[PDB]
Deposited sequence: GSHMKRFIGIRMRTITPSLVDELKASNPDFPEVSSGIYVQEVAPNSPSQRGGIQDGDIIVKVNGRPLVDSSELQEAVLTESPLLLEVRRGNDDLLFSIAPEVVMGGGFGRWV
């Protein structure tokens, strides 16, 4: 029985009031709920698909996202993911298919 990993290649953070304050400070002219994209991994579905750090992911397959655990569950269960993203004043839609690695070949981040 093979160890599987499904991934999209972002380091994600839940949007909180604390985070919203920092984002307001940096980008005063620019979203109180969603998943913040802290980092994008280089050889990943998210990089290939056009997601960029600073992006906020607000829906997956039409469902609202409020907590990172919900996106983790979507990555584990659905394929592809239609991700609604806020990028400054732009509203974008991406179709990001999770990459699947078998046999424990994913390793782990450190």
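Of the deposited sequence, just the range 31 to 32 has no C-alpha coordinates according to the record.
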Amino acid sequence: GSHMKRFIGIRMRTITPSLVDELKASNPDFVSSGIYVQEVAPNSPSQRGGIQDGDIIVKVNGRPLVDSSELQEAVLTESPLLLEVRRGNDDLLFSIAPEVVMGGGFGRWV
From here on, numbers count along this sequence of modelled residues.
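Relative to its counterpart among 21 to 29 and 95 to 103, 21 to 29 has the higher mean temperature factor, C-alpha atoms as listed in the PDB entry.
Highest CA B-factor among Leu83, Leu65, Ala41, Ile56, as stated in the entry: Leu65.
Out of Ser69, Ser79, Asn61, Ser46, the entry records its largest CA B-factor for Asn61.
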